[PDB]
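>>> the data below comprise the sequence and an experimental structure of the protein.
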Amino acid sequence: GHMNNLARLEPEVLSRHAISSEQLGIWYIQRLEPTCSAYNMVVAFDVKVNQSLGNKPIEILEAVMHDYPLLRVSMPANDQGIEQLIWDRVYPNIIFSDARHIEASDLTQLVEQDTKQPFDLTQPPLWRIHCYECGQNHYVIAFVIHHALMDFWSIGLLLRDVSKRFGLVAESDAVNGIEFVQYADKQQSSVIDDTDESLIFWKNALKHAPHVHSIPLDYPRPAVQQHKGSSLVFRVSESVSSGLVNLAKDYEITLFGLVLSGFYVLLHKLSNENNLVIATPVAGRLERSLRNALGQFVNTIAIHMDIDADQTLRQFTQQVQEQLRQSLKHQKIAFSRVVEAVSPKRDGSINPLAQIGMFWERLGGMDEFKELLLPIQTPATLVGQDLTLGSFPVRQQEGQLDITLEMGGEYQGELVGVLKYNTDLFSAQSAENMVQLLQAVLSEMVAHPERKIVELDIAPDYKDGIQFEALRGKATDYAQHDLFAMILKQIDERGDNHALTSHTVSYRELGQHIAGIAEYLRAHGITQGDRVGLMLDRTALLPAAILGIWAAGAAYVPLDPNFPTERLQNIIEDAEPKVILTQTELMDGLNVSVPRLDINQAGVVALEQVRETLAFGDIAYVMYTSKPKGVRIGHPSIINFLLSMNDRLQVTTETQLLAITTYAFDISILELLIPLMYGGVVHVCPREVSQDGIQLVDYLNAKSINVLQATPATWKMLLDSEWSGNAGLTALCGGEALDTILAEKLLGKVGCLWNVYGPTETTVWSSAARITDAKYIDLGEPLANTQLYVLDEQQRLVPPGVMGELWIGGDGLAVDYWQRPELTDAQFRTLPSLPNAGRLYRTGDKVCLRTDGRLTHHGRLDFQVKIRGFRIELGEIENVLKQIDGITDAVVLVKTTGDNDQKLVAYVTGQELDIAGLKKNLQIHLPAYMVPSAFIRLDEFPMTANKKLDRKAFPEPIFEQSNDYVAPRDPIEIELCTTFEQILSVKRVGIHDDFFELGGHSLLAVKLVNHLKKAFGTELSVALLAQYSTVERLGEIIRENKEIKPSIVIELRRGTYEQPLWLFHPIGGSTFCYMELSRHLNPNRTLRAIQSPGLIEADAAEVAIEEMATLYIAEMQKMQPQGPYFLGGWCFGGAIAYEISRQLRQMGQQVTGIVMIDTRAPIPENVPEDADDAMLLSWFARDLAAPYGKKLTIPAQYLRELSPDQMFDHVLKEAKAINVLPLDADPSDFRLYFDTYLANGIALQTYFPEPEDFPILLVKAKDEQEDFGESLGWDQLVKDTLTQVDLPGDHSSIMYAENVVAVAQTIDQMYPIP
Ligand SMILES: CCCCCCCCCCCCCC(=O)OC[C@H](COP(=O)(O)OCC[N+](C)(C)C)OC(=O)CCCCCCCCCCCCC
Ligand SMILES: [K+]
């Protein structure tokens, strides 16, 4: 409309060509994900014009389109592959918008969103021009060209030429816009045999490559790649930029080589992996003939480096330059051909073989355009008589890979780069971080050339000896406070108010018990520093026992009496306690050589009589943890902890806390004490109540609780017990990781949620996160006088975004491990690399220092998250499983198998589950590499005594080592199997064989899908095949569409001989029985088989053989109009063939011969006995299973006891139970098959042809028990022209693999073909 002067008159195709291998990969990706814009190349300009421009843009447009045939190309697909068509003319797609009213920021965004509109590569043109008016005579013009059509080198050729036509540059080399076709067509003649030296090179270079890199992501990887990306432009300082150039000269290497080396070093530091792959596009125009040619010539190569951290940067840089040099020798091999040869596991979440890229592009002979083509704004212009070009930067080609580094440009001394990153994996903050780290590697390279890759520290120099200021907790005097005095004050003040709920104990009464228990212990030998075993039931005496023991100056050792006796004995022996303080009932419980004291015998004593006596000792307790380790905790740590916790909890008089945690778990310390410090109430929860969800829901609703701390296990128990929630309740969750699912459930049930963390060695908790949103979970903020550090294996502070060991410093630290000084000395140290951080504790926990400043937990360095060369985030798998309806919990582990091989196992619990159903679900929701190899149902996940998941105690999995051959079960699976077989050249394909594992690859998938579209009458995508890639899975998808219309002809083999062999269905109406036969027939003979229409449309089965034959003959004459004909059938198929022959004579066609395999002649003697409906079903059930070598025996007598509907359900259910029908077959499906069966029966029952001679081969199953005569009765129909051959097998088994080979041979020897 801004462009009336064109008119659309309708185009014709000039010529048809092949696409190149360099085009195939891009093309494929665009079909695979049609909303993809990642390959939309965009060059854009500010354009200011003078009036003398006139009509030149349209005139020049028309001239260019005419001169360069490439610009008139489309790339449609057929079943023989992918083509390029040159159209005689294309209507240009030129969009023109008013942008006078739009702010600059917004205008950029507009143009970015406009140019990302996707192309359909099958419909021309494959390029667009987007125009925007910005003011009078002032425009922005953006040219968009899909990379499947041409590369950037081509852009420059085109840019320079069109600029000359416009009067902007003085001269331009001639451009060839027709050579791309010759190139592609010649390439189609070439072979590239599996024996090619270049192909072998790549096959070896990438054999040990990991499936995926192990760079920590900010988000979980989506199951199917969406090609969303973003871009971060950076600049290298002029200092370093110069250094790099000089450092390049100080080696053999190129500048490209140097920066690539820097990039590997970077990814090595970020992932701590030695095996890294980086993709690098090459220009691809080695022949001088191709320098001026438009087209897509760029080829990806994958460089897999094995990093040796011991190498110096000099040495390693040289190592890369050399592997680069060798690799460029073999660059002729297309990336798609390399992926075909290496044959990695196809996975829709990642680009195959490489997910990291580096492009280094500098065009030559484009000096005038240098600054215009940079990714930054520049005031430089190109001024012509009629117009003026200026910069206009546009984000473009985003989301090709996980990460792409783009370099090559320079401005005012500084190298200019663009880091492109996938925004479903990385945050903007992480991109910024990667750039800052690259900056660092490059700097450290020029400054210290000889430094070893391990010795190299990329980390920022941290200012006040910490990674983030958040990681240092508030400095306070809390550790110098007096816990006892605080509690005494509350006793003196709170008086007769409640303190403990078992009957209720007042604060005054509590003080009396403290005193009486302290005096009991003193009076019986307990002195300051002694260790006192504590073996109690959860009563109100429990808090009092703790404080009593403390007041006598002793430390307690928790001996929870519900724990197993062997465990308690091991503690007794290591701790060597002075006495065991227990209760009456338990005095004889353990046979131990240690004095016992009954706490009930302790008097009650007025506090005023023994307060002069009472004072805490140095050590508060020895808490045992998994050989037994006793962690000795001092009272300064405890009070530091408690006070720190109070800042967050603000405990008051109205506080009512439900204590549920065993006192043999240190976290119980918080539950049993902190309300007593402030005048509130401790509800000591009986153990039987806290292990029963319904009983705990009732205790909660009753006692008006407002603080509850518990491990996830307990919280899960509560939510799974229909708990109503409390909006005034403050919840604490600790001991194990908090998953997002539990978090959201909790957030809607409680008023405040803390995720809280810390090893026993740094006193209960050490960090704490106020969780407000389930999407944002971390270890949170450090407590008072606590410092968190994330270290590597050399104990240096890691860079942000990197994983390491969490070390903890400050006032929380334990005194030691009880009488284990060497262990104590190794786990509690000061470090030279942190000389001001004091004593620190080594947690053995794996933690990530986020770019955010947050810490996330991945914990326990000792566990192998490492699989086939990469690492897994097990919890992401666990989250997807928990989101299934039915599933209640899930745990995923890595286990070892056979050789040095690792596999994933998923354990699940729930009220109602389907295991195969799980596999299917995760496959569509997870990246392929995160889908478990085994699924095990459990009733109850094994717990520890602390109430944590006991991962060591899950039963070991027994992995399937192979997948069972299963034959296709209905017409849909028969058609897919034959199609898989035929297209892959695999003899026999089972419904669980994977297309790509069987040797299939991306081009084949395009061919396959285009065939399936024709065969079924519907639209399928390569996306559907990628994700449903077994016959079973794809068959379920196709089966869902009730509007599919299969042909009744299935082509089992396309041969090279003129005459096909036609095969006709037996009684059941299906072609299944000819598949195995077809595998052994001479492959040069076309074979076609005909199923009954009855199998696809209701009531469509013919009931008269005469009518059946006419119908089929018409179907035959569409593919083979004239004879001679060649016909055959197994069983009843033979009889159809006979009648078809009889009719072909009548119309003058000749019959070459008939193949009849154990066909009972159509004569009265051979008609089956009369059957009632039950018997017919019983027969049908049997004849359903026999083609698969299975007996299915449903006695007629059993069926007669049921209603007719029950009958059909019973047979359907049974047939499924032995896998001769699909599980998703419904009763109506079953009616089609039974009705077809009945129809053929009636047809048989009414067919009695007069004798007629045809040339016949009758193959008789010689082991068939049932007597039908020497010739199955054919001696009464055929006189002179019948040849008989007796072969092993019975009426069914003659067609099974073992016996059917001899049948094929007989057919081939009787009816030879040249
Ligand atoms: C993919 C390869 C294709 C190569 C084709 C060559 C480029 C041809 C430019 C096509 C743009 C034509 C669209 C167009 O008509 O734009 C309209 C504007 C304003 O026109 P309008 O306001 O309609 O003027 C009417 C004047 N009247 C009534 C008195 C006749 O007029 C303009 O804004 C014209 C701006 C021209 C910018 C030329 C820039 C040259 C470098 C291009 C290099 C790109 C190759 C990669
Ligand atoms: K620019």
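Thanks, I have the structure now. Numbers count the residues shown, from 1 in each chain. Ligands and ions are numbered 1, 2, ... in the order given.
>>> just give me the neighbour total for residue 642.
22 (other CB atoms under 10 Å). All C-beta atoms are positioned from the backbone trio N, CA, C, and that covers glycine.
>>> residue 887 contacts residue 914, correct?
No: taking CB atoms under 8 Å as the contact criterion, residue 887 and residue 914 are not neighbours in contact, 10.6 Å apart.
>>> show residues contacting stretch 1144-1155.
With contacts defined as CB atoms under 8 Å, 6 or more residues apart in numbering, stretch 1144-1155 is touched by 1059, 1061, 1113, 1122-1129, 1134, 1137-1138, 1141, 1252, 1254-1257, 1259, 1307, 1310-1311.
>>> out of residue 887 and residue 914, which sits in the busier spot?
residue 887 (20 against 14).
>>> quick one: residues contacting the nearest residue to the more buried one once chain neighbours are set aside.
In space, and not counting its chain neighbours, residue 887 is closest to residue 910: 4.8 Å by CB to CB, 6 or more residues apart in numbering. In this structure, residue 910 makes contact with 886, 887, 888, 889, 937, judged by CB under 8 Å, 6+ apart.
>>> if we go to 6 Å?
Residues in contact with residue 910, defined by CB atoms under 6 Å, 6 or more residues apart in numbering, are 886, 887, 888.
>>> what about the first one, distance to residue 144?
Meaning residue 886. Relative to residue 144, residue 886 is positioned 48 Å away (criterion: CB to CB, to the nearest Å).
>>> phi, psi of the residue of the chain found nearest ligand 2?
Minimum separation of the chain from ligand 2 (CB to the ion) falls at residue 391, amounting to 3.5 Å. Comment: the main-chain dihedrals of residue 391 come out as phi -70, psi 150, following degrees, to the nearest 10.
>>> in this structure it contacts residue 377, no?
Yes: in this structure, residue 391 sits in contact with residue 377. The criterion is CB atoms under 6 Å, and the distance is 5.1 Å.
>>> those two: which is more packed in?
Remark: of residue 391 and residue 377, residue 391 carries more neighbours, 18 against 12, as counted by other CB under 10 Å.
>>> tell me who's in contact with the more buried one.
Contact analysis of residue 391 by CB under 6 Å, 6+ apart lists 372, 377, 378.
>>> my guess is the last one meets residue 371, correct?
Yes: with the criterion set as CB under 6 Å, residue 378 and residue 371 qualify as a contacting pair; they are 4.3 Å apart.
>>> which one of these two has more residues nearby?
For residue 378 versus residue 371, neighbours defined as other CB under 10 Å are more numerous around residue 371 (19 against 15).
>>> next, work out how far apart the more buried one and residue 759 are.
Counting by CB to CB, the gap between residue 371 and residue 759 amounts to 58 Å.
>>> go on, residue 614?
Counting by CB to CB, the gap from residue 614 to residue 759 is 31 Å.
>>> ok, now residue 75?
Using CB to CB, one gets 60 Å for the distance from residue 75 to residue 759.
>>> a strand runs through residue 142, doesn't it?
Yes: checked against DSSP: H, G, I helix; E, B strand; the rest coil, residue 142 lies within a strand.
>>> right, and it touches residue 130 too?
Yes: the pair residue 142 / residue 130 is scored as a contact, 4.4 Å apart, by CB under 6 Å.
>>> neighbours of the closest residue to residue 1248 other than its chain neighbours, how many?
Leaving aside its chain neighbours, residue 1248 sits nearest to residue 1162 (6.1 Å; criterion: CB to CB, 6+ apart). Residues lying near residue 1162 (other CB under 10 Å) number 24.
>>> report the separation between residue 34 and residue 789.
With distances taken as CB to CB, residue 34 is found 48 Å from residue 789.
>>> neighbour-wise, which of these two wins?
Neighbours around residue 34 and residue 789, counted as other CB under 10 Å, are more numerous at residue 789. The numbers are 26 against 12.
>>> which residues touch the more buried one?
With contacts defined as CB under 6 Å, 6+ apart, the neighbours of residue 789 are residue 807.
>>> that one - that's part of a strand, no?
Yes: according to three-state DSSP, residue 789 belongs to a strand.
>>> hey, what's it bridged with?
Applying DSSP bridges to residue 789 gives these bridge partners: residue 807.
>>> and it, how far from residue 865?
Looking at residue 789 against residue 865, where the rule is CB to CB, the gap reads 22 Å.
>>> just residue 1077 next, same as before
When CB to CB is applied, the distance between residue 1077 and residue 865 equals 50 Å.
>>> ditto for residue 471
Taking CB to CB as the measure, residue 471 falls 24 Å from residue 865.
>>> show me which of those two is the more surrounded one.
Neighbours around residue 471 and residue 865, counted as other CB under 10 Å, are more numerous at residue 471. The numbers are 20 against 17.
>>> phi, psi of that one?
The phi/psi pair for residue 471 (degrees, to the nearest 10) is phi -70, psi -10.
>>> contact partners for it?
Each residue near residue 471 by CB under 6 Å, 6+ apart is listed here: residue 788.
>>> the residue located most distally from the centre of the chain: which element?
Outermost residue of the chain with respect to the C-alpha centroid, by CA atoms, centre = their mean, is residue 609; its distance is 69.3 Å. For residue 609, the enclosing helix or strand under DSSP states H and E is helix 607-610.
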